[PDB]
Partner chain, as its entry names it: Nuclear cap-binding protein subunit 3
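First, one chain by itself: the form solved without its partner chain, in structure tokens.
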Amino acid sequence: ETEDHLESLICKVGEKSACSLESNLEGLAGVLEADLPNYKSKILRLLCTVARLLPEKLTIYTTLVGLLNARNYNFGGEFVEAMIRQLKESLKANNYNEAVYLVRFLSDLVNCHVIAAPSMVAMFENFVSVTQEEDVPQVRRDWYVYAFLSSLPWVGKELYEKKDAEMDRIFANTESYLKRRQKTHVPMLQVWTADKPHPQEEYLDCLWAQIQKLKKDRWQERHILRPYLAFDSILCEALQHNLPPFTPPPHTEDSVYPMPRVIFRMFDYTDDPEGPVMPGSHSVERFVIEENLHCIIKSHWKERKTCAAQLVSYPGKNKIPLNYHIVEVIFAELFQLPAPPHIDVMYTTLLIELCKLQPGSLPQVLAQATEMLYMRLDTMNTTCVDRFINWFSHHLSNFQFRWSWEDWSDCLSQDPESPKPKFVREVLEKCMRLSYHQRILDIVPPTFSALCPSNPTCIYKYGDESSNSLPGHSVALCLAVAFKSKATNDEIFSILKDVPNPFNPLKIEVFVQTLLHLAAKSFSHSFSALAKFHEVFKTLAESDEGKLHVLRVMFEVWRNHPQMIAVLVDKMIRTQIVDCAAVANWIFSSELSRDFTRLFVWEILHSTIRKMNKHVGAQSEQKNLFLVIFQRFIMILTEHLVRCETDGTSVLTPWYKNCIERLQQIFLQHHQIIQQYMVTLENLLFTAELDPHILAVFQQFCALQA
């Protein structure tokens, strides 16, 4: 028979069916057995494949493998052997996340009487033993410990029952290791620094507390579905295999381990009093639920409608407040630092598919969550706040921008620079970009008027209002005529010669003021205007000062239209009017200092860095862009600190929070690349001479792979 049919059978088992899961498992067990003489090879590969790609269905497949071992001991043996080869093969290729699933699969296979407990206990001893290796990354020790502890919810009970002394030994070693671990990375990964109402915990300290509780509860957990408990008679009489001694692949220069993590947490049972009791933060139930949901998304993130269906149809031993769990997991992904598992916009539309699926329940939970997120803004990290802003505004544009703003009137009386009032402004500005100025003015209460974005109107220095005394006034009005008359590049140069020279700044000013003003109708006009007179630009801004002056004038022309500012910079860089370096220096200039804490400023800087990243060959220019950025960050941050030392004022000001966290963001958003420049940075910029406040960001960043 076609191998395609075999794959379909194995992939579909466990899904929606009229017959019971047990019945279907036994059924498939038969089919798989009969096709062994001719397709054993294919079957081995398929079972190994779902074991590492379909973790959310773990116990479904271990049970199947269990039933098969009972029927054909030798087959079971070759499956385990294949699994171990795959595990090594996966570790070898730095696919540690995939490896963990293989490890949980082997673990659960013990409950299926396919692997003798003693073999697993030994393999785990060699795992924890890695924490004793010398001269290796903490992230290497972490992974082996994590792979061990995260297997306990499945096989913890059985292992403790067969080798409690051995396990007590492994635990002791694990605890002493977790006690000496470095926690430098934590401040950089927390979504909130506040430990109230929910502390954002380091993933290993949290998982350990969960395991401790499980142990105290005599290894009894009430969530995991275990199909195999229904085949006790069949499985409790199968011959169990013994695993060979497992030696973890030594650390090498090529080894890349997962970064450490911090557990996102915003809910507890009190947030849903009349629903099923929500498992606590330190219960393995909360861990397994979120792990499964995260995996569901990983498997279906490309098909939003299907993804929402799978999340909502998530099965469990006991009922839990699923909607709260789903919503929490999605925000845990959107707000994950350094970055989310998938593209940001996906979470926005996924939430909408979930709303269409559960119209009577999901929407309330989401609104509730939105309220809680807003009320906890004061200590939320800047990178997460941005995503919050971008999500919420985009979300609103899909529901006619309807929202009970009066619910956040508390922000009206606060300091404008405060997280809450700033969040509202940034959101309203975002809403205008997806709509229009009047639309936003009409959707908010009169009390929020001030928080609304100013009308994105262009500003022409030589318009009606202006006096004729202004330098270049005549040349400007002259250029206006020339432009309306389709003048050429040569004609424009000639008109500009009538300008005195204080690199000529005035030439640039009059040229950019007038050109932009006449193309203010749309982005396409401005774009075509930049292209047509591309020659005048390259000549007038051949020098760095020139490029810098172009940006300065362009900013004076469109300071009320942030979106226009951004698309103009992007186009000027792509067509070489200016380069990334200039844009970077422009970001930290005096003319932009009053807008330094606004979102558009950093959106432009990051779009600039990404363009430089996609530029092959120009690796020298790439490193220099980063050097420039960090250099300016250190200058302004230092300046602030020195002045606070003198004037005797507090360092923790709203301005400081932004700047320090924006520096942090540079690392987070480009951690992958900056890695190669890491060394040079430590030698020339982030030296021991730096103020600890600044050096700390650099060290927390390194902690991600230490």
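Residue numbers count along the first chain shown, from 1.
There is another form of the same protein, the form deposited with its partner chain bound; it is not shown, and what comes next is about it.
In summary, the region of this chain contacting its partner chain in the bound PDB entry, judged by heavy atoms within 4.5 Å and restricted to 376-384, 171-179, 399-407, 239-247, corresponds to 399-407. Scanning 496, 122, 548, 355 against its partner chain in the bound PDB entry with a 4.5 Å heavy atom cut-off leaves one residue, 355. Screening 359, 315, 273, 502 for any heavy atom within 4.5 Å of its partner chain in the bound PDB entry leaves a single hit, 359. Interface membership of residue 473, defined by any non-hydrogen atom within 4.5 Å of its partner chain in the bound PDB entry, is ruled out. Although the partner is absent here, residue 129 sits far enough away that none of its heavy atoms falls within 4.5 Å of its partner chain in the bound PDB entry. When its partner chain is considered in the bound PDB entry, residue 364 lines it closely, a heavy atom lying within 4.5 Å. Interface membership of residue 305, defined by any non-hydrogen atom within 4.5 Å of its partner chain in the bound PDB entry, is confirmed. Contacts of stretch 216-238 with its partner chain in the bound PDB entry, defined by any heavy atom lying within 4.5 Å, are made by none of its residues.
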